[PDB]
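Colleague: My file is upload19.cif. It has mmCIF, N, CA and C atoms and all ligand atoms:
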data_data
loop_
_atom_site.label_atom_id
_atom_site.label_comp_id
_atom_site.auth_asym_id
_atom_site.auth_seq_id
_atom_site.Cartn_x
_atom_site.Cartn_y
_atom_site.Cartn_z
N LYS A 1 16.78 -1.71 -7.93
CA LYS A 1 17.74 -1.42 -6.88
C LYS A 1 17.02 -0.89 -5.65
N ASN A 2 17.72 -0.95 -4.51
CA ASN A 2 17.21 -0.47 -3.23
C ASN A 2 18.22 0.49 -2.63
N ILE A 3 17.76 1.68 -2.24
CA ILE A 3 18.63 2.67 -1.62
C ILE A 3 17.79 3.65 -0.82
N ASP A 4 18.22 3.92 0.42
CA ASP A 4 17.55 4.86 1.32
C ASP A 4 16.08 4.47 1.54
N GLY A 5 15.83 3.18 1.72
CA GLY A 5 14.47 2.70 1.86
C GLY A 5 13.61 2.89 0.64
N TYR A 6 14.22 3.09 -0.52
CA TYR A 6 13.53 3.40 -1.76
C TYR A 6 13.79 2.30 -2.77
N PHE A 7 12.72 1.83 -3.43
CA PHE A 7 12.81 0.80 -4.46
C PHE A 7 12.74 1.49 -5.82
N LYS A 8 13.80 1.35 -6.61
CA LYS A 8 13.92 2.04 -7.88
C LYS A 8 13.93 1.05 -9.04
N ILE A 9 13.14 1.35 -10.06
CA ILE A 9 13.03 0.54 -11.27
C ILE A 9 13.32 1.43 -12.47
N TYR A 10 14.24 0.99 -13.32
CA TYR A 10 14.53 1.63 -14.59
C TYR A 10 14.21 0.66 -15.72
N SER A 11 13.65 1.19 -16.81
CA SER A 11 13.14 0.32 -17.86
C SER A 11 13.44 0.91 -19.23
N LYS A 12 13.49 0.03 -20.22
CA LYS A 12 13.63 0.39 -21.63
C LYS A 12 12.96 -0.66 -22.51
N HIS A 13 12.37 -0.22 -23.62
CA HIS A 13 11.62 -1.11 -24.51
C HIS A 13 12.11 -0.98 -25.95
N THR A 14 13.42 -0.99 -26.15
CA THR A 14 13.96 -0.79 -27.48
C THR A 14 13.64 -1.99 -28.38
N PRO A 15 13.39 -1.76 -29.67
CA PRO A 15 13.13 -2.87 -30.59
C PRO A 15 14.44 -3.54 -31.01
N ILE A 16 14.49 -4.86 -30.85
CA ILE A 16 15.68 -5.65 -31.14
C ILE A 16 15.34 -6.65 -32.24
N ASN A 17 16.15 -6.66 -33.30
CA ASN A 17 15.96 -7.57 -34.42
C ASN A 17 16.88 -8.78 -34.36
N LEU A 18 17.68 -8.91 -33.30
CA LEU A 18 18.58 -10.04 -33.11
C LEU A 18 18.00 -10.92 -32.00
N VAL A 19 17.65 -12.16 -32.36
CA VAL A 19 17.05 -13.08 -31.40
C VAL A 19 18.07 -13.95 -30.68
N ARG A 20 19.33 -13.94 -31.12
CA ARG A 20 20.34 -14.79 -30.49
C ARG A 20 20.82 -14.21 -29.17
N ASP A 21 21.24 -12.94 -29.18
CA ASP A 21 21.78 -12.30 -27.99
C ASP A 21 21.43 -10.82 -28.01
N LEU A 22 21.71 -10.15 -26.90
CA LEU A 22 21.52 -8.71 -26.85
C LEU A 22 22.48 -8.03 -27.82
N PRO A 23 22.00 -7.07 -28.61
CA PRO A 23 22.83 -6.49 -29.66
C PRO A 23 23.88 -5.53 -29.12
N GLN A 24 24.92 -5.34 -29.92
CA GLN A 24 25.92 -4.32 -29.63
C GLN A 24 25.31 -2.94 -29.85
N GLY A 25 25.46 -2.07 -28.88
CA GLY A 25 24.88 -0.74 -28.96
C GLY A 25 24.59 -0.21 -27.57
N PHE A 26 23.89 0.92 -27.55
CA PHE A 26 23.58 1.62 -26.31
C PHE A 26 22.12 2.07 -26.33
N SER A 27 21.45 1.91 -25.20
CA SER A 27 20.11 2.46 -25.00
C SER A 27 19.94 2.71 -23.51
N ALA A 28 19.86 3.98 -23.12
CA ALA A 28 19.71 4.32 -21.72
C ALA A 28 18.34 3.88 -21.20
N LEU A 29 18.25 3.73 -19.89
CA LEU A 29 17.04 3.24 -19.23
C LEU A 29 16.38 4.38 -18.48
N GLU A 30 15.08 4.58 -18.73
CA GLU A 30 14.47 5.67 -17.97
C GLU A 30 13.81 5.13 -16.70
N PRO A 31 13.88 5.87 -15.60
CA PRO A 31 13.19 5.42 -14.38
C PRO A 31 11.68 5.44 -14.56
N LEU A 32 11.01 4.54 -13.84
CA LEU A 32 9.56 4.46 -13.93
C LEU A 32 8.86 4.76 -12.62
N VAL A 33 9.17 4.04 -11.55
CA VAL A 33 8.47 4.20 -10.29
C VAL A 33 9.48 4.13 -9.15
N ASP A 34 9.26 4.92 -8.11
CA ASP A 34 10.13 5.05 -6.95
C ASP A 34 9.36 4.81 -5.66
N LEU A 35 8.66 3.68 -5.58
CA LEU A 35 7.73 3.46 -4.47
C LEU A 35 8.51 3.24 -3.17
N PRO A 36 8.17 3.97 -2.09
CA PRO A 36 8.89 3.91 -0.79
C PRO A 36 8.61 2.66 0.05
N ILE A 37 9.02 1.50 -0.48
CA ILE A 37 8.71 0.24 0.19
C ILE A 37 9.37 0.17 1.56
N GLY A 38 10.67 0.43 1.63
CA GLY A 38 11.38 0.37 2.88
C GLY A 38 11.61 -1.02 3.43
N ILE A 39 11.32 -2.07 2.66
CA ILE A 39 11.57 -3.44 3.08
C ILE A 39 12.89 -3.89 2.47
N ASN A 40 13.83 -4.29 3.33
CA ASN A 40 15.14 -4.70 2.85
C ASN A 40 15.01 -5.95 1.99
N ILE A 41 15.73 -5.97 0.87
CA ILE A 41 15.50 -6.95 -0.19
C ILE A 41 16.81 -7.67 -0.46
N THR A 42 16.79 -9.00 -0.41
CA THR A 42 17.99 -9.81 -0.63
C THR A 42 17.75 -11.00 -1.55
N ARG A 43 16.64 -11.04 -2.27
CA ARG A 43 16.32 -12.21 -3.09
C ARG A 43 15.35 -11.78 -4.18
N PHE A 44 15.27 -12.59 -5.24
CA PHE A 44 14.55 -12.19 -6.44
C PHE A 44 14.21 -13.43 -7.26
N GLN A 45 13.00 -13.45 -7.81
CA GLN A 45 12.56 -14.55 -8.66
C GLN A 45 11.53 -14.02 -9.65
N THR A 46 11.41 -14.72 -10.78
CA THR A 46 10.63 -14.27 -11.93
C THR A 46 9.50 -15.24 -12.22
N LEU A 47 8.35 -14.70 -12.62
CA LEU A 47 7.16 -15.48 -12.92
C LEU A 47 6.99 -15.62 -14.42
N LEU A 48 6.23 -16.64 -14.83
CA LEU A 48 5.96 -16.89 -16.24
C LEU A 48 4.49 -17.23 -16.44
N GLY B 1 -28.83 -23.28 26.73
CA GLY B 1 -28.67 -24.16 27.87
C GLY B 1 -28.69 -23.37 29.16
N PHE B 2 -28.45 -24.09 30.26
CA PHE B 2 -28.41 -23.45 31.57
C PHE B 2 -27.22 -22.52 31.67
N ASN B 3 -27.48 -21.25 32.01
CA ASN B 3 -26.46 -20.21 32.05
C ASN B 3 -25.72 -20.11 30.71
N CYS B 4 -26.44 -20.38 29.62
CA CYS B 4 -25.88 -20.37 28.28
C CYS B 4 -26.72 -19.47 27.39
N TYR B 5 -26.06 -18.59 26.65
CA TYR B 5 -26.75 -17.69 25.74
C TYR B 5 -25.82 -17.35 24.59
N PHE B 6 -26.41 -16.92 23.48
CA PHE B 6 -25.63 -16.56 22.31
C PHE B 6 -24.84 -15.29 22.59
N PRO B 7 -23.51 -15.30 22.43
CA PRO B 7 -22.74 -14.07 22.70
C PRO B 7 -23.10 -12.92 21.79
N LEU B 8 -23.66 -13.19 20.62
CA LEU B 8 -24.04 -12.15 19.67
C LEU B 8 -25.53 -11.83 19.81
N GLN B 9 -25.87 -10.57 19.58
CA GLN B 9 -27.25 -10.12 19.71
C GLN B 9 -27.47 -8.91 18.81
N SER B 10 -28.74 -8.59 18.60
CA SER B 10 -29.12 -7.46 17.77
C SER B 10 -30.13 -6.60 18.52
N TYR B 11 -29.90 -5.29 18.51
CA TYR B 11 -30.78 -4.33 19.17
C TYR B 11 -31.64 -3.65 18.11
N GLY B 12 -32.95 -3.67 18.31
CA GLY B 12 -33.86 -3.01 17.40
C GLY B 12 -33.64 -1.51 17.34
N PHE B 13 -33.35 -1.00 16.15
CA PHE B 13 -33.06 0.42 15.95
C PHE B 13 -34.29 1.08 15.34
N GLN B 14 -34.85 2.06 16.05
CA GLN B 14 -36.04 2.75 15.59
C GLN B 14 -35.83 4.25 15.59
N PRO B 15 -36.42 4.97 14.63
CA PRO B 15 -36.31 6.44 14.64
C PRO B 15 -36.91 7.09 15.87
N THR B 16 -37.97 6.51 16.43
CA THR B 16 -38.62 7.05 17.61
C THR B 16 -37.97 6.60 18.91
N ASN B 17 -36.93 5.78 18.84
CA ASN B 17 -36.22 5.34 20.03
C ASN B 17 -35.45 6.51 20.65
N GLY B 18 -35.00 6.31 21.88
CA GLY B 18 -34.28 7.35 22.58
C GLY B 18 -32.97 7.70 21.88
N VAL B 19 -32.52 8.93 22.08
CA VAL B 19 -31.31 9.41 21.42
C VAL B 19 -30.11 8.57 21.82
N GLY B 20 -30.06 8.15 23.09
CA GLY B 20 -28.99 7.26 23.52
C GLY B 20 -29.01 5.92 22.81
N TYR B 21 -30.20 5.39 22.55
CA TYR B 21 -30.31 4.13 21.83
C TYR B 21 -30.16 4.29 20.32
N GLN B 22 -30.21 5.52 19.81
CA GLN B 22 -30.11 5.74 18.38
C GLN B 22 -28.70 5.43 17.88
N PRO B 23 -28.58 4.70 16.77
CA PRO B 23 -27.26 4.37 16.24
C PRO B 23 -26.57 5.60 15.65
N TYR B 24 -25.25 5.66 15.83
CA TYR B 24 -24.40 6.69 15.26
C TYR B 24 -23.33 6.01 14.42
N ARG B 25 -22.96 6.65 13.31
CA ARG B 25 -21.86 6.17 12.49
C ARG B 25 -20.56 6.67 13.09
N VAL B 26 -19.65 5.75 13.43
CA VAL B 26 -18.41 6.09 14.12
C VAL B 26 -17.22 5.55 13.34
N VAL B 27 -16.22 6.41 13.16
CA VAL B 27 -15.00 6.08 12.44
C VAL B 27 -13.81 6.46 13.31
N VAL B 28 -12.85 5.55 13.43
CA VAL B 28 -11.63 5.76 14.19
C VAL B 28 -10.47 5.80 13.20
N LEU B 29 -9.73 6.90 13.20
CA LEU B 29 -8.57 7.08 12.33
C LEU B 29 -7.31 6.92 13.19
N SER B 30 -6.90 5.66 13.36
CA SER B 30 -5.70 5.36 14.12
C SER B 30 -4.46 5.79 13.35
N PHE B 31 -3.57 6.51 14.03
CA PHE B 31 -2.33 7.00 13.45
C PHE B 31 -1.14 6.27 14.07
N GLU B 32 0.06 6.64 13.63
CA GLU B 32 1.28 6.09 14.18
C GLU B 32 2.42 7.06 13.92
N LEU B 33 3.46 6.98 14.75
CA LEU B 33 4.55 7.94 14.72
C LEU B 33 5.43 7.72 13.49
N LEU B 34 6.33 8.68 13.27
CA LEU B 34 7.20 8.68 12.09
C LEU B 34 8.44 7.84 12.38
N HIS B 35 8.27 6.52 12.30
CA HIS B 35 9.37 5.57 12.44
C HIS B 35 9.93 5.14 11.09
N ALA B 36 9.45 5.71 10.00
CA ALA B 36 9.83 5.30 8.65
C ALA B 36 9.54 6.46 7.71
N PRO B 37 9.99 6.39 6.46
CA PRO B 37 9.57 7.40 5.48
C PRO B 37 8.06 7.45 5.36
N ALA B 38 7.52 8.67 5.33
CA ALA B 38 6.08 8.87 5.30
C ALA B 38 5.54 8.68 3.89
N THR B 39 4.34 8.09 3.80
CA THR B 39 3.69 7.84 2.52
C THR B 39 2.37 8.57 2.38
N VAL B 40 1.51 8.51 3.40
CA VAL B 40 0.25 9.24 3.40
C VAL B 40 0.50 10.57 4.09
N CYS B 41 0.25 11.67 3.39
CA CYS B 41 0.60 12.99 3.89
C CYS B 41 -0.48 13.99 3.51
N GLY B 42 -0.59 15.04 4.32
CA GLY B 42 -1.50 16.12 4.05
C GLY B 42 -1.06 16.93 2.85
N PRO B 43 -2.02 17.55 2.16
CA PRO B 43 -1.67 18.36 0.99
C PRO B 43 -0.79 19.54 1.37
N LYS B 44 0.14 19.88 0.48
CA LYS B 44 1.04 21.00 0.68
C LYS B 44 0.71 22.08 -0.35
N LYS B 45 0.35 23.26 0.14
CA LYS B 45 -0.10 24.32 -0.75
C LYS B 45 1.07 24.95 -1.49
N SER B 46 0.76 25.54 -2.65
CA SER B 46 1.75 26.19 -3.49
C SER B 46 1.26 27.58 -3.88
N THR B 47 2.15 28.56 -3.79
CA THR B 47 1.83 29.92 -4.20
C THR B 47 1.98 30.08 -5.71
N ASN B 48 1.46 31.19 -6.22
CA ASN B 48 1.53 31.46 -7.65
C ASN B 48 2.96 31.78 -8.07
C1 LIG C 1 18.09 -4.52 6.22
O1 LIG C 1 17.85 -5.88 6.51
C2 LIG C 1 18.13 -6.17 7.86
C3 LIG C 1 18.07 -7.67 8.06
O2 LIG C 1 18.99 -8.29 7.19
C4 LIG C 1 17.17 -5.38 8.77
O3 LIG C 1 17.51 -5.53 10.13
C5 LIG C 1 17.23 -3.89 8.45
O4 LIG C 1 16.25 -3.16 9.14
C6 LIG C 1 17.03 -3.67 6.96
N1 LIG C 1 17.08 -2.28 6.59
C7 LIG C 1 16.07 -1.64 5.98
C8 LIG C 1 16.31 -0.19 5.67
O5 LIG C 1 15.01 -2.19 5.69
#
How does the structure come out when it is put into structure tokens?
Ligand SMILES: *[C@@H]1O[C@H](CO)[C@@H](O)[C@H](O)[C@H]1NC(C)=O

Modeller:
Amino acid sequence: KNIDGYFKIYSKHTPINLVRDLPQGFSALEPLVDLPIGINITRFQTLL
Amino acid sequence: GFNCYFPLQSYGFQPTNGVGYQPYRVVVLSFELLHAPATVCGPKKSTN
């Protein structure tokens, strides 16, 4: 997410034994890095 | 060629050369005003 010129990333690495879909349950996400990018962001793509 | 010379040149640097001709190491620390959230900042001291 982007807020106040701040780029925020929250992450979680829970072990999942269901390969079909995300399992029913709850696991909160802890923040990792809050780097002050300040570049307005409107698009996103993923690498492999 | 006629009225033609290499724009680049090298000056012989010697320890016994004049002080004016002696090379000095020069660093310029260009700054800029606070138009955005600051990232590089001076250390902030903390009391006991
Ligand atoms: C948001 O993006 C716009 C262009 O769509 C830009 O003018 C503006 O400065 C941006 N805001 C920030 C905080 O980067």

Colleague: Closest to chain B among A:36, A:16, A:41, A:46, using all atoms listed in the file?

Modeller: A:36

Colleague: For chain B, which residue out of A:32, A:38, A:25, A:8 is the nearest one, using only N, CA and C atoms?

Modeller: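 The shortest atom-to-atom distance to chain B comes from A:38.
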
Colleague: Just need the residues of chain A within 12 Å of chain B, counting only C-alpha atoms, so spit them out as JSON, numbers by chain.

Modeller: {"A": [4, 5, 6, 34, 35, 36, 37, 38, 39]}

Colleague: Extract, using only C-alpha atoms, all DNA, RNA and protein residues at most 10 Å from residue A:11, discarding same-chain residues fewer than 2 positions from it, and format them as a list in words.

Modeller: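 So the residues in contact are residues 9, 13, 14, 28, 29, 30, 31, 32 and 33 of chain A.
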
Colleague: In Å to one decimal, how far is atom CA of residue A:40 from atom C3 of ligand LIG 1 (chain C)?

Modeller: 6.7 Å

Colleague: When distances are computed from only C-alpha atoms and all ligand atoms, which of A:48, A:17, A:42, A:23 shows the smallest separation from ligand LIG 1 (chain C)?

Modeller: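 Closest to ligand LIG 1 (chain C), using only C-alpha atoms and all ligand atoms: A:42.
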
Colleague: Could you give me the axis-aligned bounding box of ligand LIG 1 (chain C), with 3 Å of padding per side, as centre plus edge lengths in Å to one decimal, as JSON?

Modeller:
{"center_x": 17.0, "center_y": -4.2, "center_z": 7.9, "size_x": 10.0, "size_y": 14.1, "size_z": 10.5}

Colleague: Would you mind reading off the distance between atom CA of residue B:43 and atom C of residue B:26, one decimal, in Å?

Modeller: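 Separation between atom CA of residue B:43 and atom C of residue B:26: 23.6 Å.
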
Colleague: Going by DSSP on the backbone, which bits of chain A are strand (DSSP E)? Write them as a tab-separated table (two decimals) with N, CA and C atoms, in the coordinates of the input, please.

Modeller:
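Below is the file that was written, out11.tsv:
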chain	number	residue	atom	x	y	z
A	2	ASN	N	17.72	-0.95	-4.51
A	2	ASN	CA	17.21	-0.47	-3.23
A	2	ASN	C	18.22	0.49	-2.63
A	3	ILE	N	17.76	1.68	-2.24
A	3	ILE	CA	18.63	2.67	-1.62
A	3	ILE	C	17.79	3.65	-0.82
A	6	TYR	N	14.22	3.09	-0.52
A	6	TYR	CA	13.53	3.40	-1.76
A	6	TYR	C	13.79	2.30	-2.77
A	7	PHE	N	12.72	1.83	-3.43
A	7	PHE	CA	12.81	0.80	-4.46
A	7	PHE	C	12.74	1.49	-5.82
A	9	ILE	N	13.14	1.35	-10.06
A	9	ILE	CA	13.03	0.54	-11.27
A	9	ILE	C	13.32	1.43	-12.47
A	10	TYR	N	14.24	0.99	-13.32
A	10	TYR	CA	14.53	1.63	-14.59
A	10	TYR	C	14.21	0.66	-15.72
A	11	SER	N	13.65	1.19	-16.81
A	11	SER	CA	13.14	0.32	-17.86
A	11	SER	C	13.44	0.91	-19.23
A	30	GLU	N	15.08	4.58	-18.73
A	30	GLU	CA	14.47	5.67	-17.97
A	30	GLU	C	13.81	5.13	-16.70
A	31	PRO	N	13.88	5.87	-15.60
A	31	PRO	CA	13.19	5.42	-14.38
A	31	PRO	C	11.68	5.44	-14.56
A	32	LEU	N	11.01	4.54	-13.84
A	32	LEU	CA	9.56	4.46	-13.93
A	32	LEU	C	8.86	4.76	-12.62
A	33	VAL	N	9.17	4.04	-11.55
A	33	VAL	CA	8.47	4.20	-10.29
A	33	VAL	C	9.48	4.13	-9.15

Colleague: Starting from the incomplete input, reconstruct N, CA, C and O atoms of stretch 35-48 of chain A and report them as a PDB file, in the frame of the given file.

Modeller:
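What landed in result-v3.pdb:
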ATOM      1  N   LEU A  35       8.660   3.680  -5.580  1.00  0.00           N
ATOM      2  CA  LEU A  35       7.730   3.460  -4.470  1.00  0.00           C
ATOM      3  C   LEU A  35       8.510   3.240  -3.170  1.00  0.00           C
ATOM      4  O   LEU A  35       9.437   2.425  -3.135  1.00  0.00           O
ATOM      5  N   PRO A  36       8.170   3.970  -2.090  1.00  0.00           N
ATOM      6  CA  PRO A  36       8.890   3.910  -0.790  1.00  0.00           C
ATOM      7  C   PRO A  36       8.610   2.660   0.050  1.00  0.00           C
ATOM      8  O   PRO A  36       8.075   2.710   1.152  1.00  0.00           O
ATOM      9  N   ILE A  37       9.020   1.500  -0.480  1.00  0.00           N
ATOM     10  CA  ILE A  37       8.710   0.240   0.190  1.00  0.00           C
ATOM     11  C   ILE A  37       9.370   0.170   1.560  1.00  0.00           C
ATOM     12  O   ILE A  37       8.704  -0.102   2.571  1.00  0.00           O
ATOM     13  N   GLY A  38      10.670   0.430   1.630  1.00  0.00           N
ATOM     14  CA  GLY A  38      11.380   0.370   2.880  1.00  0.00           C
ATOM     15  C   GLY A  38      11.610  -1.020   3.430  1.00  0.00           C
ATOM     16  O   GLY A  38      12.034  -1.145   4.588  1.00  0.00           O
ATOM     17  N   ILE A  39      11.320  -2.070   2.660  1.00  0.00           N
ATOM     18  CA  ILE A  39      11.570  -3.440   3.080  1.00  0.00           C
ATOM     19  C   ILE A  39      12.890  -3.890   2.470  1.00  0.00           C
ATOM     20  O   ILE A  39      13.064  -3.855   1.250  1.00  0.00           O
ATOM     21  N   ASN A  40      13.830  -4.290   3.330  1.00  0.00           N
ATOM     22  CA  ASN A  40      15.140  -4.700   2.850  1.00  0.00           C
ATOM     23  C   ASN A  40      15.010  -5.950   1.990  1.00  0.00           C
ATOM     24  O   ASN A  40      14.275  -6.887   2.328  1.00  0.00           O
ATOM     25  N   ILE A  41      15.730  -5.970   0.870  1.00  0.00           N
ATOM     26  CA  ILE A  41      15.500  -6.950  -0.190  1.00  0.00           C
ATOM     27  C   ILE A  41      16.810  -7.670  -0.460  1.00  0.00           C
ATOM     28  O   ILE A  41      17.838  -7.020  -0.719  1.00  0.00           O
ATOM     29  N   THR A  42      16.790  -9.000  -0.410  1.00  0.00           N
ATOM     30  CA  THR A  42      17.990  -9.810  -0.630  1.00  0.00           C
ATOM     31  C   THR A  42      17.750 -11.000  -1.550  1.00  0.00           C
ATOM     32  O   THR A  42      18.604 -11.896  -1.601  1.00  0.00           O
ATOM     33  N   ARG A  43      16.640 -11.040  -2.270  1.00  0.00           N
ATOM     34  CA  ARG A  43      16.320 -12.210  -3.090  1.00  0.00           C
ATOM     35  C   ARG A  43      15.350 -11.780  -4.180  1.00  0.00           C
ATOM     36  O   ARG A  43      14.681 -10.753  -4.069  1.00  0.00           O
ATOM     37  N   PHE A  44      15.270 -12.590  -5.240  1.00  0.00           N
ATOM     38  CA  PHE A  44      14.550 -12.190  -6.440  1.00  0.00           C
ATOM     39  C   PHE A  44      14.210 -13.430  -7.260  1.00  0.00           C
ATOM     40  O   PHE A  44      15.027 -14.350  -7.391  1.00  0.00           O
ATOM     41  N   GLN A  45      13.000 -13.450  -7.810  1.00  0.00           N
ATOM     42  CA  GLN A  45      12.560 -14.550  -8.660  1.00  0.00           C
ATOM     43  C   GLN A  45      11.530 -14.020  -9.650  1.00  0.00           C
ATOM     44  O   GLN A  45      10.853 -13.022  -9.400  1.00  0.00           O
ATOM     45  N   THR A  46      11.410 -14.720 -10.780  1.00  0.00           N
ATOM     46  CA  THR A  46      10.630 -14.270 -11.930  1.00  0.00           C
ATOM     47  C   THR A  46       9.500 -15.240 -12.220  1.00  0.00           C
ATOM     48  O   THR A  46       9.663 -16.461 -12.106  1.00  0.00           O
ATOM     49  N   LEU A  47       8.350 -14.700 -12.620  1.00  0.00           N
ATOM     50  CA  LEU A  47       7.160 -15.480 -12.920  1.00  0.00           C
ATOM     51  C   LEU A  47       6.990 -15.620 -14.420  1.00  0.00           C
ATOM     52  O   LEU A  47       7.529 -14.826 -15.197  1.00  0.00           O
ATOM     53  N   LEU A  48       6.230 -16.640 -14.830  1.00  0.00           N
ATOM     54  CA  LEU A  48       5.960 -16.890 -16.240  1.00  0.00           C
ATOM     55  C   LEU A  48       4.490 -17.230 -16.440  1.00  0.00           C
ATOM     56  O   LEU A  48       3.694 -17.220 -15.496  1.00  0.00           O
TER      57      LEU A  48
END
